[PDB]
């Protein structure tokens, strides 16, 4: 195929706010076979960081020499496996008898497990304020810094609401200044209710991640367990963000109790192998003045959505 894959990273590697770009860098880096090279040859990775080049606002886009946009990691991989030439090491091509289970696994990391990593990027107060909301200053341009992680945190709250979590001011304003002792303890009845609510949220998270990784690993043992499929690269790119965040050591422990330490360290041996692989397969590109998302180009891209 001939196209240009757009990603979220910053000039040499995909950013950790998007597990679909991290997994797609490794997908292109691991096409070393003769058949797997044919579906990836001439893909021209661009780190544009603007979602106006997307058909649906999500940014692994494959804009492929006609205007045909394929978006998101799972749609691109299923597109590239469909466009092989048709005629084992570092990336497998599943056969006809295994195409459905390999798409079922790819879809399950996209809908169930990547719902949990976008919790950990945006709905975690330790991770969002330390790491994530100060990561878009490195990726985007000068007015568009404070709306992109704010819209992405509103999206992850709607996406994880059904699994995880004017006299009201004048009511105490006649009494709390007039009592002066629980004006200090007006916040104390809030952080006293904030404390048992964030551990209330961390239990309905950590049994969802305990079940989404148990369901995926039990269905993964139906295909070949010794070879790397394209659904493994989206699973490992979800650990690699969830463990590599500021709050990753709480989760590296919580997965080690259920699944062991011989598996969380076997997954992190593959994970750190894939980050430290050479970019000789990666032919990169710089964005032009239609793919940058400047101050002048994101107003022209603001008027065309209503024209």
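Positions refer to the first chain, counted from 1.
Asker: Of the other PDB entries for this protein whose models extend past residue 121 on both sides, does at least a third leave it without coordinates?
Answerer: It is not, since residue 121 is included in all of the other entries that model both flanking stretches.
Asker: I'd like to know whether residue 173, which is modelled here, goes unmodelled in a third or more of the other compared entries that cover its flanking residues.
Answerer: Across the other compared entries, residue 173 is absent from at least a third.
Asker: Which class describes the count of deposited residues lacking coordinates between residue 143 and residue 144: none, 1 to 3, 4 to 9, or 10 or more?
Answerer: Gap between residue 143 and residue 144: none.
Asker: Indicate whether the chain is continuous between residue 226 and residue 227 or, if not, how many deposited residues are absent from the coordinates: none, 1 to 3, 4 to 9, or 10 or more.
Answerer: Per the deposited record, the segment joining residue 226 and residue 227 has no missing residues.
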